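Engineer: Structure below; questions to follow.
Rule-based calculations on the coordinates, nothing more; no lab input. Reconstructed Cβ throughout: ideal geometry from the backbone, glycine too, with neighbour counts over all protein chains shown.
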Amino acid sequence: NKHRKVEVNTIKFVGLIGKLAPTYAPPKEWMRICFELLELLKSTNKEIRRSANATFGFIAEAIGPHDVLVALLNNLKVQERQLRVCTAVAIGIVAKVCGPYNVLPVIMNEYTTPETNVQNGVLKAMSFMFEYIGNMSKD
RNA sequence: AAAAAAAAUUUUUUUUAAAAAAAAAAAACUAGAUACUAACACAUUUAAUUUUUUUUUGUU
């Protein structure tokens with residue numbers, strides 16, 4: 001819907017269902033949302049971009065991490081900086097919620113790609129995921 | 001008494017050569033070309049409180 005009051009108040013409502021009732025919409029519906037959010041964090045506002053990243057955790061918990069990551073890592077190729085940083089946060093959030101062992105070999109593989117913007121976005125994603133799993137990190 | 005199958009030692013010349021023990025670009029000036037970095041900032045902001053300034057001049 002563009003605008004903002006709608007984007008913010010919706011993202012908080014969608015993420016609510018990800019917490020409370022994940023099992024209702026079928027997982028192909030959660031994937032329809034993960035694309036609509038991944039386009040939505042172009043937004044100029046912050047609280048939008050922040051809530052959009054939090055609801056990848058709620059979806060990754062619901063359906064699965066690997067369906068979601070491939071959606072995100074395909075988005076690091078993109079030029080514009082917010083999109084690469086706000087995907088790099090989400091990979092950090094998908095790591096914490098679903099476990100880093102699920103995320104990490106997929107990210108270490110993606111680092112091989114010869115484009116530079118992926119290679120920072122894979123290093124920035126690893127920064128975030130090491131502050132969100134605080135103590136773990138040792139393994 | 002006279003007519004048939006197996007064997008060993010010591011001395012001498014050379015032709016199509018090689019090897020490089022490992023550091024380089026500059027700098028300055030002036031303009032142009034293109035990538036990128038900071039969860040950078042980007043719509044809410046406004047219900048106690050200091051820009052509010054004048055030769056004092058508002059009466060039982």
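Engineer: Of the residues that make up region A:19-36, is at least one on the phi > 0 side of the Ramachandran plot, more than 10 Å from RNA strand B (Cβ to nearest atom), of a type outside the set (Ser, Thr, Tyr) and surrounded by fewer than 20 Cβ atoms within 10 Å (Cβ to Cβ)? I'd like the intermediate steps shown before the answer.
Structural biologist: Filtering region A:19-36 for residues on the phi > 0 side of the Ramachandran plot gives none.
Within region A:19-36, none of the residues are on the phi > 0 side of the Ramachandran plot, more than 10 Å from RNA strand B (Cβ to nearest atom), of a type outside the set (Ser, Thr, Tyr) and surrounded by fewer than 20 Cβ atoms within 10 Å (Cβ to Cβ).
Engineer: Is it the case that some residue within region A:103-122 is within 25 Å of A:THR10 (Cα to Cα), in contact (Cβ under 8 Å) with a residue 24 or more places away in the chain and in contact with a helix residue (DSSP H, G or I) (Cβ under 6 Å, 6 or more places away or on another chain)? I'd like the intermediate steps shown before the answer.
Structural biologist: Of all residues in region A:103-122, those within 25 Å of A:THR10 (Cα to Cα) come to none.
Checking region A:103-122: not a single residue is within 25 Å of A:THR10 (Cα to Cα), in contact (Cβ under 8 Å) with a residue 24 or more places away in the chain and in contact with a helix residue (DSSP H, G or I) (Cβ under 6 Å, 6 or more places away or on another chain).
Engineer: If you go through region A:57-80 one residue at a time, do you hit one that is within 16 Å of RNA strand B (Cβ to nearest atom), over 12 Å from the mean Cα position of the chain (by Cα), closer than 26 Å to A:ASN9 by Cα and not small (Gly, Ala, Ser)?
Structural biologist: Yes, there is a match, as at least one residue in region A:57-80 is within 16 Å of RNA strand B (Cβ to nearest atom), over 12 Å from the mean Cα position of the chain (by Cα), closer than 26 Å to A:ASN9 by Cα and not small (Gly, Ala, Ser).
Engineer: Quick check on this structure: which one of A:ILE48, A:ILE91 is within 13 Å of RNA strand B (Cβ to nearest atom) and out of contact with any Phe, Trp or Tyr (no Cβ under 9 Å at 6 or more places or on another chain)? Before you say what the answer is, go through the steps one by one.
Structural biologist: Working: A:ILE91 fails: out of contact with any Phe, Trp or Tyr (no Cβ under 9 Å at 6 or more places or on another chain).
None of the others qualify; the one that does is A:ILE48.
Engineer: Test A:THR113 against the criterion of being surrounded by 14 or more Cβ atoms within 10 Å (Cβ to Cβ) and of a type in the set (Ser, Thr, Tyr), and give yes or no.
Structural biologist: Numbers: surrounded by 14 or more Cβ atoms within 10 Å (Cβ to Cβ): yes; of a type in the set (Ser, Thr, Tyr): yes.
In short, yes.
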